[PDB]
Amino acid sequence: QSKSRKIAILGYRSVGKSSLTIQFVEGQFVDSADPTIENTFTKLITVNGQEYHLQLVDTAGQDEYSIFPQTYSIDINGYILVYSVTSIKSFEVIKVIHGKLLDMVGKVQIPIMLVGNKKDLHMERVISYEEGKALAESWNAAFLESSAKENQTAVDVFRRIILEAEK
């Protein structure tokens, strides 16, 4: 009766993959997490009356030199690509990640969204909302900005990838 979804969170180091996931899962903002270990969390959520059992795969990051498998995992239902609005490197990297991701998954109908994180650090922003939104638009992807300090923004991220999966 409950639907099962596996979601992978990708992105450069320090963009907030872990903090976002932990905010969503446990409702806490954390100041650090093992940068080099992949963590899998589970979380039960109800979206629009529908019960979902989530496995959230919080990858250790990737950069421009990271290897992507050459073929996809049928058991992964969506990809969240995170960058930080405070890091141009992160934003450039997320484009390379998207490229290698698309090469791995090809035409498969598995949703990919883009998330500009750390929006609370408004004095440290180097990526405009427009830049992120337009990139996502050029990918035919959903876009959101988020802050791991703000529970609703993290919830909105994971809910949106779930909604995108069933379009």
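In case it trips you up, residue 1 is the first one in the sequence shown, and so on.
66-74 and 128-136 differ in mean CA B-factor, and the higher of the two is recorded for 66-74.
The PDB entry records a higher mean C-alpha B factor for 45-53 than for its counterpart among 45-53 and 108-116. The deposited CA B-factor of residue 142 belongs to the middle third of values across its chain.
In this PDB entry, residue 5 carries a Cα temperature factor that places it within the lowest third of its chain's modelled residues. In this PDB entry, residue 30 carries a Cα temperature factor that places it within the middle third of its chain's modelled residues. Among the modelled residues of its chain, residue 23 has a C-alpha B-factor that falls in the highest third according to the deposited record. For residue 123, the recorded CA B-factor ranks within the highest third of the chain. Only modelled residues enter the ranking.
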